[PDB]
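First, one chain by itself in C-alpha coordinates, the form deposited in one PDB entry.
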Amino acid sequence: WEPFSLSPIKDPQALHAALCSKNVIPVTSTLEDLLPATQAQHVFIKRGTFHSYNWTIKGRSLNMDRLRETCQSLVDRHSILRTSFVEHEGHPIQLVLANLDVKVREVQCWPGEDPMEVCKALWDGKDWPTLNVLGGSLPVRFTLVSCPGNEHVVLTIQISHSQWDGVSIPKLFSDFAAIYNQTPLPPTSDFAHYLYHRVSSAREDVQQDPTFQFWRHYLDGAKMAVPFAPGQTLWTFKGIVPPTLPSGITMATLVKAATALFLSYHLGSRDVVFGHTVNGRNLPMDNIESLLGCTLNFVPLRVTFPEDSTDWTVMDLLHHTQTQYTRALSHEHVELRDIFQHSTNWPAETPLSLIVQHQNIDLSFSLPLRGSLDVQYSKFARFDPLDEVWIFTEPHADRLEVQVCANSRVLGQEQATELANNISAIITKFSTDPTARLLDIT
(Lines give C-alpha, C1' and ligand atoms only; values in the text may rest on other atoms or scores of the structure.)
Protein backbone atom coordinates (compact mmCIF):
# COMPACT_ATOMS: atom_id res chain seq x y z
CA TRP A 1 0.00 0.00 0.00
CA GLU A 2 3.13 2.09 -0.22
CA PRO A 3 3.02 4.13 -3.49
CA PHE A 4 4.86 3.07 -6.66
CA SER A 5 5.24 -0.49 -5.42
CA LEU A 6 2.80 -1.93 -7.94
CA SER A 7 4.43 -0.15 -10.92
CA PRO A 8 5.64 -2.52 -13.69
CA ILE A 9 8.04 0.28 -14.60
CA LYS A 10 11.01 1.22 -12.48
CA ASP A 11 11.65 4.91 -13.20
CA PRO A 12 8.03 6.12 -12.83
CA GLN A 13 9.06 9.69 -12.07
CA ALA A 14 10.86 9.77 -15.44
CA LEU A 15 7.74 8.83 -17.41
CA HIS A 16 6.07 11.65 -15.55
CA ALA A 17 8.89 13.96 -16.53
CA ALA A 18 8.47 13.11 -20.19
CA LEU A 19 4.72 13.74 -20.44
CA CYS A 20 5.43 17.12 -18.84
CA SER A 21 8.22 17.70 -21.35
CA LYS A 22 5.74 16.84 -24.09
CA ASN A 23 3.10 19.23 -22.71
CA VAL A 24 0.75 16.22 -22.43
CA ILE A 25 0.02 17.04 -18.77
CA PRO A 26 0.63 20.17 -16.61
CA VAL A 27 4.34 20.75 -15.84
CA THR A 28 3.62 21.89 -12.30
CA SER A 29 1.95 18.54 -11.63
CA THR A 30 3.36 15.90 -9.29
CA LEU A 31 3.25 12.12 -9.67
CA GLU A 32 1.73 10.75 -6.48
CA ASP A 33 1.36 7.12 -7.63
CA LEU A 34 1.65 4.81 -10.63
CA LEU A 35 -0.30 1.57 -10.91
CA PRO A 36 -1.22 -1.05 -13.49
CA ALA A 37 -4.35 -0.32 -15.47
CA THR A 38 -6.88 -3.11 -14.97
CA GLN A 39 -8.25 -5.41 -17.66
CA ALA A 40 -11.75 -3.99 -17.30
CA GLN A 41 -10.41 -0.42 -17.60
CA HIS A 42 -8.68 -1.38 -20.85
CA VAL A 43 -11.81 -3.01 -22.20
CA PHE A 44 -13.41 0.45 -22.01
CA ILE A 45 -10.47 2.49 -23.18
CA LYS A 46 -10.03 0.23 -26.18
CA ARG A 47 -13.69 0.73 -27.05
CA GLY A 48 -13.30 4.53 -26.90
CA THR A 49 -15.88 4.71 -24.11
CA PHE A 50 -16.24 8.37 -23.39
CA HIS A 51 -18.96 10.37 -21.75
CA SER A 52 -19.92 13.96 -21.47
CA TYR A 53 -22.34 14.46 -18.60
CA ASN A 54 -24.18 17.70 -19.09
CA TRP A 55 -26.10 19.77 -16.62
CA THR A 56 -28.37 22.49 -17.87
CA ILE A 57 -28.56 24.98 -15.02
CA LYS A 58 -31.26 27.67 -15.18
CA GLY A 59 -31.89 30.21 -12.42
CA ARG A 60 -30.99 33.62 -10.96
CA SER A 61 -28.80 32.40 -8.08
CA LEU A 62 -25.96 30.58 -9.92
CA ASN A 63 -22.48 31.38 -8.58
CA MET A 64 -20.05 30.91 -11.44
CA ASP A 65 -16.82 31.22 -9.48
CA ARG A 66 -18.18 28.61 -7.09
CA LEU A 67 -19.09 26.29 -9.95
CA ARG A 68 -15.49 26.71 -11.12
CA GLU A 69 -14.12 26.05 -7.64
CA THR A 70 -16.31 22.95 -7.17
CA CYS A 71 -14.72 21.39 -10.28
CA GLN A 72 -11.31 21.86 -8.72
CA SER A 73 -12.40 20.36 -5.39
CA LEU A 74 -14.15 17.40 -7.00
CA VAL A 75 -10.85 16.59 -8.68
CA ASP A 76 -8.84 17.11 -5.45
CA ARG A 77 -11.04 14.61 -3.62
CA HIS A 78 -11.10 11.87 -6.30
CA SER A 79 -7.72 10.72 -7.50
CA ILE A 80 -9.27 8.73 -10.36
CA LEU A 81 -10.19 12.18 -11.75
CA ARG A 82 -6.51 13.16 -11.53
CA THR A 83 -5.39 10.09 -13.50
CA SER A 84 -3.60 9.81 -16.86
CA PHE A 85 -3.59 6.58 -18.87
CA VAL A 86 -0.57 5.47 -20.80
CA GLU A 87 1.19 2.47 -22.26
CA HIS A 88 4.85 2.15 -21.42
CA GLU A 89 7.21 -0.75 -21.98
CA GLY A 90 4.25 -2.82 -23.17
CA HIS A 91 2.47 -2.03 -19.94
CA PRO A 92 -0.99 -0.45 -19.82
CA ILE A 93 -0.78 1.80 -16.75
CA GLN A 94 -2.44 4.65 -14.87
CA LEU A 95 -0.68 7.66 -13.38
CA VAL A 96 -2.07 9.48 -10.36
CA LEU A 97 -1.23 13.15 -10.43
CA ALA A 98 -1.37 15.65 -7.63
CA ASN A 99 -0.83 19.42 -7.53
CA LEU A 100 -3.33 19.44 -10.40
CA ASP A 101 -4.95 22.73 -11.43
CA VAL A 102 -8.33 22.25 -13.03
CA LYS A 103 -9.02 24.77 -15.81
CA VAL A 104 -12.56 24.99 -17.10
CA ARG A 105 -13.16 25.53 -20.85
CA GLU A 106 -15.52 28.46 -21.04
CA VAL A 107 -17.88 29.77 -23.65
CA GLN A 108 -19.88 32.98 -23.50
CA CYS A 109 -22.49 32.50 -26.22
CA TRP A 110 -24.07 35.08 -28.55
CA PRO A 111 -27.61 36.24 -27.71
CA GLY A 112 -30.17 33.60 -28.75
CA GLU A 113 -27.44 31.01 -29.31
CA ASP A 114 -28.26 27.72 -27.56
CA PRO A 115 -25.64 26.62 -24.95
CA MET A 116 -26.27 22.88 -25.58
CA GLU A 117 -25.97 23.21 -29.39
CA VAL A 118 -22.55 24.74 -28.78
CA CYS A 119 -21.58 21.78 -26.54
CA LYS A 120 -22.86 19.31 -29.13
CA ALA A 121 -20.74 21.24 -31.69
CA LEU A 122 -17.58 21.06 -29.58
CA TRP A 123 -18.35 17.40 -28.88
CA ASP A 124 -18.93 16.24 -32.46
CA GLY A 125 -16.40 18.62 -33.93
CA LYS A 126 -13.29 17.78 -31.93
CA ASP A 127 -14.01 16.38 -28.47
CA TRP A 128 -14.53 12.70 -29.28
CA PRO A 129 -13.12 12.44 -32.86
CA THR A 130 -9.69 13.48 -31.53
CA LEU A 131 -9.99 11.45 -28.32
CA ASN A 132 -6.73 9.68 -27.52
CA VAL A 133 -6.91 8.40 -23.94
CA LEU A 134 -3.67 6.39 -24.18
CA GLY A 135 -1.67 9.45 -25.25
CA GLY A 136 -1.70 10.23 -21.53
CA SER A 137 -3.66 13.48 -21.33
CA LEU A 138 -6.43 13.58 -18.68
CA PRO A 139 -9.81 12.35 -20.00
CA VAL A 140 -11.62 14.22 -17.21
CA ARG A 141 -12.27 17.87 -18.14
CA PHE A 142 -14.96 20.50 -17.54
CA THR A 143 -16.80 22.90 -19.84
CA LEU A 144 -18.95 25.96 -18.97
CA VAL A 145 -21.29 27.33 -21.63
CA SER A 146 -23.42 30.32 -20.61
CA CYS A 147 -25.99 32.53 -22.30
CA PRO A 148 -24.99 36.18 -21.59
CA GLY A 149 -26.90 36.65 -18.29
CA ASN A 150 -25.63 33.38 -16.76
CA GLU A 151 -29.20 32.31 -16.01
CA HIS A 152 -28.94 29.49 -18.51
CA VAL A 153 -25.71 27.58 -18.33
CA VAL A 154 -24.60 24.12 -19.38
CA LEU A 155 -21.87 22.45 -17.31
CA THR A 156 -20.24 19.39 -18.81
CA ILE A 157 -17.96 16.78 -17.34
CA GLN A 158 -16.02 14.59 -19.78
CA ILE A 159 -14.75 11.26 -18.49
CA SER A 160 -13.46 7.88 -19.71
CA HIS A 161 -15.49 4.82 -18.56
CA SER A 162 -12.22 3.61 -17.06
CA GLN A 163 -12.94 6.14 -14.28
CA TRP A 164 -16.50 5.34 -13.14
CA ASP A 165 -19.17 2.64 -13.11
CA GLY A 166 -22.91 2.46 -12.53
CA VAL A 167 -22.64 2.22 -8.76
CA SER A 168 -20.27 5.11 -8.16
CA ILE A 169 -21.18 7.67 -10.86
CA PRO A 170 -24.10 8.97 -8.76
CA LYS A 171 -21.52 9.63 -6.05
CA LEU A 172 -19.68 11.90 -8.44
CA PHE A 173 -22.78 14.07 -8.80
CA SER A 174 -23.86 14.23 -5.13
CA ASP A 175 -20.24 14.96 -4.26
CA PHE A 176 -20.22 17.83 -6.78
CA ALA A 177 -23.54 19.21 -5.50
CA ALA A 178 -22.43 18.86 -1.84
CA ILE A 179 -19.17 20.70 -2.57
CA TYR A 180 -21.05 23.51 -4.34
CA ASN A 181 -23.68 23.57 -1.57
CA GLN A 182 -20.82 23.81 0.93
CA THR A 183 -21.99 20.61 2.67
CA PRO A 184 -19.00 18.97 4.51
CA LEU A 185 -18.03 15.59 3.05
CA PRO A 186 -16.70 12.44 4.73
CA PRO A 187 -13.21 11.34 3.70
CA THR A 188 -13.08 8.68 0.94
CA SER A 189 -10.85 5.97 -0.53
CA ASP A 190 -9.14 6.07 -3.95
CA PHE A 191 -9.53 3.65 -6.83
CA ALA A 192 -5.80 3.09 -6.36
CA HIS A 193 -6.54 1.88 -2.80
CA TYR A 194 -9.00 -0.65 -4.24
CA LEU A 195 -6.16 -1.96 -6.43
CA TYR A 196 -3.80 -2.36 -3.47
CA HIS A 197 -6.57 -4.20 -1.58
CA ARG A 198 -7.11 -6.59 -4.46
CA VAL A 199 -3.37 -7.38 -4.29
CA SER A 200 -3.08 -7.82 -0.51
CA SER A 201 -5.85 -10.43 -0.61
CA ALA A 202 -3.78 -12.61 -2.98
CA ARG A 203 -1.22 -15.32 -2.10
CA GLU A 204 2.24 -15.08 -3.69
CA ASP A 205 2.02 -18.77 -4.56
CA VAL A 206 -0.95 -18.87 -6.91
CA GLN A 207 -1.72 -22.60 -6.46
CA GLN A 208 -2.56 -21.63 -2.86
CA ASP A 209 -5.09 -18.88 -3.68
CA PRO A 210 -8.67 -19.82 -2.71
CA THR A 211 -9.80 -17.59 -5.59
CA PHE A 212 -7.88 -19.40 -8.33
CA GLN A 213 -8.75 -22.75 -6.81
CA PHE A 214 -12.41 -21.80 -6.80
CA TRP A 215 -12.15 -20.82 -10.49
CA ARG A 216 -10.24 -23.97 -11.38
CA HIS A 217 -13.09 -25.93 -9.79
CA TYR A 218 -15.87 -23.67 -11.04
CA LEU A 219 -14.53 -24.16 -14.58
CA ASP A 220 -13.05 -27.70 -14.58
CA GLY A 221 -14.87 -29.68 -17.27
CA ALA A 222 -16.04 -26.61 -19.20
CA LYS A 223 -15.61 -25.51 -22.82
CA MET A 224 -16.53 -22.01 -23.94
CA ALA A 225 -18.20 -21.63 -27.34
CA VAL A 226 -16.27 -19.58 -29.94
CA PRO A 227 -17.97 -17.68 -32.80
CA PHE A 228 -16.91 -18.34 -36.37
CA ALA A 229 -14.76 -15.36 -37.47
CA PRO A 230 -16.73 -12.18 -38.45
CA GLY A 231 -18.44 -1.81 -40.07
CA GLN A 232 -20.47 0.25 -37.60
CA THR A 233 -21.67 -0.01 -33.98
CA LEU A 234 -25.34 -1.02 -33.74
CA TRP A 235 -27.74 -0.53 -30.81
CA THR A 236 -30.96 -2.60 -30.91
CA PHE A 237 -33.88 -2.35 -28.48
CA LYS A 238 -36.79 -4.45 -27.28
CA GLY A 239 -39.15 -3.46 -24.47
CA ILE A 240 -41.18 -5.93 -22.45
CA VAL A 241 -43.35 -5.52 -19.42
CA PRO A 242 -41.47 -5.86 -16.12
CA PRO A 243 -41.66 -9.57 -15.25
CA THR A 244 -42.68 -11.06 -11.89
CA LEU A 245 -39.75 -12.31 -9.82
CA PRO A 246 -40.40 -15.36 -7.60
CA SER A 247 -38.91 -14.86 -4.12
CA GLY A 248 -35.15 -15.35 -3.93
CA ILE A 249 -34.83 -14.57 -7.64
CA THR A 250 -32.99 -11.46 -8.86
CA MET A 251 -33.99 -9.77 -12.13
CA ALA A 252 -30.38 -10.24 -13.23
CA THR A 253 -30.75 -13.96 -12.64
CA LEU A 254 -33.71 -13.98 -15.00
CA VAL A 255 -31.72 -12.42 -17.85
CA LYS A 256 -28.65 -14.58 -17.17
CA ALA A 257 -30.91 -17.63 -17.24
CA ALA A 258 -32.98 -16.66 -20.31
CA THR A 259 -29.64 -16.18 -22.16
CA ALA A 260 -28.37 -19.60 -21.04
CA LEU A 261 -31.38 -21.41 -22.48
CA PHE A 262 -31.02 -19.39 -25.63
CA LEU A 263 -27.38 -20.55 -25.88
CA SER A 264 -28.31 -24.17 -24.99
CA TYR A 265 -30.74 -24.41 -27.91
CA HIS A 266 -28.32 -22.81 -30.44
CA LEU A 267 -25.15 -24.54 -29.26
CA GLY A 268 -25.55 -28.29 -28.92
CA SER A 269 -24.75 -27.93 -25.24
CA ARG A 270 -26.04 -28.37 -21.68
CA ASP A 271 -22.86 -26.78 -20.36
CA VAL A 272 -22.69 -23.17 -21.53
CA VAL A 273 -20.13 -20.55 -20.54
CA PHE A 274 -20.54 -16.85 -21.40
CA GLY A 275 -19.43 -13.54 -19.93
CA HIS A 276 -21.42 -11.46 -17.52
CA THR A 277 -20.67 -8.27 -15.67
CA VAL A 278 -20.15 -8.04 -11.91
CA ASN A 279 -19.81 -4.83 -9.82
CA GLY A 280 -16.56 -5.91 -8.12
CA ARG A 281 -17.63 -4.40 -4.78
CA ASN A 282 -17.99 -7.52 -2.58
CA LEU A 283 -14.61 -7.05 -0.90
CA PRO A 284 -14.02 -6.42 2.84
CA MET A 285 -12.99 -2.83 2.28
CA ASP A 286 -13.71 0.51 3.89
CA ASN A 287 -15.77 2.69 1.53
CA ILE A 288 -16.01 -0.13 -1.02
CA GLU A 289 -19.61 0.82 -1.66
CA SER A 290 -18.80 4.48 -2.39
CA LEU A 291 -15.30 4.90 -3.83
CA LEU A 292 -15.13 6.38 -7.34
CA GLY A 293 -13.65 4.27 -10.12
CA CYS A 294 -14.32 1.37 -12.48
CA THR A 295 -14.33 -1.80 -10.33
CA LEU A 296 -16.70 -3.50 -12.75
CA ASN A 297 -15.43 -6.84 -13.98
CA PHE A 298 -16.39 -9.15 -16.80
CA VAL A 299 -16.27 -12.79 -15.73
CA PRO A 300 -17.15 -16.36 -16.86
CA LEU A 301 -20.62 -17.51 -15.83
CA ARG A 302 -21.17 -21.25 -16.27
CA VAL A 303 -24.71 -22.58 -16.64
CA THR A 304 -25.05 -26.37 -16.46
CA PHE A 305 -28.16 -28.32 -17.48
CA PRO A 306 -28.80 -31.90 -16.25
CA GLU A 307 -28.33 -35.03 -18.40
CA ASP A 308 -32.09 -34.56 -19.09
CA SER A 309 -34.11 -37.29 -17.29
CA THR A 310 -34.30 -34.72 -14.53
CA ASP A 311 -37.47 -32.82 -15.45
CA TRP A 312 -36.19 -29.33 -14.54
CA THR A 313 -38.72 -26.62 -13.94
CA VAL A 314 -37.88 -23.13 -15.12
CA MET A 315 -37.41 -22.46 -11.40
CA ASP A 316 -34.75 -25.19 -11.20
CA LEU A 317 -32.63 -23.27 -13.69
CA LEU A 318 -33.45 -19.96 -11.99
CA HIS A 319 -32.07 -21.10 -8.64
CA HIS A 320 -29.12 -22.85 -10.33
CA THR A 321 -28.22 -19.75 -12.33
CA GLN A 322 -28.32 -17.53 -9.27
CA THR A 323 -26.04 -19.98 -7.44
CA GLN A 324 -23.61 -19.94 -10.35
CA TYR A 325 -23.47 -16.20 -9.65
CA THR A 326 -23.49 -16.02 -5.83
CA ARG A 327 -20.89 -18.84 -5.73
CA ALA A 328 -18.26 -16.42 -7.04
CA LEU A 329 -18.98 -13.26 -5.02
CA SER A 330 -15.68 -13.41 -3.09
CA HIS A 331 -13.76 -14.43 -6.21
CA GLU A 332 -15.43 -12.15 -8.84
CA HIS A 333 -12.68 -9.48 -8.55
CA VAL A 334 -9.63 -11.04 -10.20
CA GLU A 335 -8.35 -10.12 -13.67
CA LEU A 336 -10.06 -12.25 -16.36
CA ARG A 337 -6.72 -13.22 -17.88
CA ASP A 338 -5.49 -14.30 -14.47
CA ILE A 339 -8.43 -16.69 -14.14
CA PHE A 340 -7.55 -18.16 -17.53
CA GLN A 341 -3.83 -18.30 -16.81
CA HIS A 342 -4.26 -19.90 -13.36
CA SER A 343 -7.56 -21.83 -13.27
CA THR A 344 -7.85 -23.09 -16.84
CA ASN A 345 -6.10 -24.48 -19.86
CA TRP A 346 -7.41 -21.59 -21.96
CA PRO A 347 -5.22 -19.04 -23.71
CA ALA A 348 -5.07 -16.16 -21.18
CA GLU A 349 -5.83 -13.55 -23.86
CA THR A 350 -9.03 -15.45 -24.59
CA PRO A 351 -11.74 -12.84 -25.18
CA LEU A 352 -15.33 -13.09 -23.98
CA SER A 353 -17.58 -13.15 -27.06
CA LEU A 354 -20.88 -12.56 -25.36
CA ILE A 355 -21.27 -10.37 -22.26
CA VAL A 356 -24.57 -10.11 -20.34
CA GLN A 357 -24.91 -6.89 -18.25
CA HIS A 358 -27.94 -6.25 -16.02
CA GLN A 359 -28.31 -2.63 -14.97
CA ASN A 360 -29.39 -2.84 -11.30
CA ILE A 361 -28.02 0.69 -10.88
CA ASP A 362 -29.42 4.25 -10.89
CA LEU A 363 -31.13 4.98 -14.22
CA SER A 364 -31.89 8.62 -13.46
CA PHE A 365 -29.59 11.34 -12.14
CA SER A 366 -29.60 14.47 -10.04
CA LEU A 367 -27.44 17.48 -9.25
CA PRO A 368 -29.41 19.50 -6.65
CA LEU A 369 -27.45 22.79 -6.42
CA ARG A 370 -28.98 25.49 -4.17
CA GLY A 371 -29.68 29.20 -4.57
CA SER A 372 -33.71 28.41 -6.86
CA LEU A 373 -31.90 26.41 -9.59
CA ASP A 374 -33.49 24.19 -12.24
CA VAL A 375 -30.86 21.56 -13.01
CA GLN A 376 -31.42 19.07 -15.86
CA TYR A 377 -29.35 16.08 -16.87
CA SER A 378 -28.32 14.90 -20.32
CA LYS A 379 -25.29 13.11 -21.77
CA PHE A 380 -23.25 12.48 -24.91
CA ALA A 381 -21.49 9.10 -25.19
CA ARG A 382 -19.30 6.99 -27.47
CA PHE A 383 -18.94 3.24 -27.21
CA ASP A 384 -17.51 0.96 -29.89
CA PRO A 385 -17.31 -2.75 -29.19
CA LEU A 386 -14.70 -4.98 -30.85
CA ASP A 387 -15.76 -8.54 -31.66
CA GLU A 388 -17.97 -9.21 -28.61
CA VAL A 389 -21.76 -8.96 -28.27
CA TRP A 390 -23.19 -6.96 -25.33
CA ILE A 391 -26.67 -7.63 -23.97
CA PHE A 392 -27.79 -4.83 -21.66
CA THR A 393 -30.82 -5.07 -19.40
CA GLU A 394 -32.35 -1.89 -18.01
CA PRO A 395 -34.98 -2.45 -15.30
CA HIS A 396 -37.34 0.48 -15.57
CA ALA A 397 -40.74 0.78 -13.94
CA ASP A 398 -42.67 0.49 -17.20
CA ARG A 399 -40.42 -1.98 -18.91
CA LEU A 400 -37.36 -4.15 -18.98
CA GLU A 401 -35.36 -2.88 -21.93
CA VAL A 402 -33.26 -5.50 -23.71
CA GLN A 403 -30.38 -3.73 -25.44
CA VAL A 404 -28.02 -5.45 -27.81
CA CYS A 405 -24.88 -3.60 -28.77
CA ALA A 406 -22.46 -4.99 -31.37
CA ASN A 407 -20.58 -4.10 -34.53
CA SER A 408 -22.65 -4.80 -37.66
CA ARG A 409 -19.94 -7.13 -38.99
CA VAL A 410 -20.41 -9.31 -35.87
CA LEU A 411 -24.18 -9.14 -35.83
CA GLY A 412 -26.32 -7.63 -38.58
CA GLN A 413 -29.46 -5.61 -37.85
CA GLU A 414 -31.88 -8.52 -38.36
CA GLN A 415 -29.71 -10.85 -36.31
CA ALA A 416 -29.48 -8.20 -33.61
CA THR A 417 -33.23 -7.53 -33.78
CA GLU A 418 -34.04 -11.27 -33.54
CA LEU A 419 -31.68 -11.82 -30.62
CA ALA A 420 -33.44 -9.01 -28.77
CA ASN A 421 -36.87 -10.62 -29.24
CA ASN A 422 -35.61 -14.09 -28.48
CA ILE A 423 -34.08 -13.08 -25.15
CA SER A 424 -37.19 -11.05 -24.24
CA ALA A 425 -39.68 -13.77 -25.16
CA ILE A 426 -37.83 -16.15 -22.84
CA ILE A 427 -37.66 -13.73 -19.93
CA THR A 428 -41.44 -13.36 -20.32
CA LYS A 429 -41.85 -17.15 -20.62
CA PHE A 430 -39.94 -17.70 -17.40
CA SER A 431 -42.23 -15.08 -15.76
CA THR A 432 -45.53 -16.53 -17.02
CA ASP A 433 -44.84 -20.01 -15.61
CA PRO A 434 -41.76 -20.43 -13.41
CA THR A 435 -43.29 -23.87 -12.76
CA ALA A 436 -43.28 -25.29 -16.29
CA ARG A 437 -40.75 -27.96 -17.20
CA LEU A 438 -38.16 -26.71 -19.69
CA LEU A 439 -40.08 -27.71 -22.82
CA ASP A 440 -40.99 -24.37 -24.32
CA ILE A 441 -40.85 -21.79 -26.92
CA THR A 442 -37.77 -21.53 -29.17
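Residue numbers run from 1 along the displayed sequence.
This next part talks about the form deposited with a partner chain bound, which is not shown.
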Notebook entry, point to check: So which of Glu89, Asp311, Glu289, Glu349 gets a non-hydrogen atom within 4.5 Å of its partner chain in the bound PDB entry?
Noted result: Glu289
Notebook entry, point to check: Since exactly one of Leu234, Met285, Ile240, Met315 fits, which has a heavy atom within 4.5 Å of its partner chain in the bound PDB entry?
Noted result: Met285
Note to self: Given the stretches 323-331, 80-88, 208-216, 179-187, which is the single one in contact with its partner chain in the bound PDB entry, using a heavy atom cutoff of 4.5 Å?
What the structure shows: 323-331
Notebook entry, point to check: Would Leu369 count as a contact of its partner chain in the bound PDB entry, using a 4.5 angstroms cut-off between non-hydrogen atoms?
Noted result: no
Notebook entry, point to check: So in the bound PDB entry, does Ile361 come within 4.5 Å of its partner chain, heavy atom to heavy atom?
Noted result: yes
Note to self: So in the bound PDB entry, is its partner chain close enough to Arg281 to count as touching (4.5 Å, heavy atoms)?
What the structure shows: yes
Check: Should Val154 be counted as a contact of its partner chain in the bound PDB entry, where contact means heavy atoms within 4.5 Å?
Finding: no
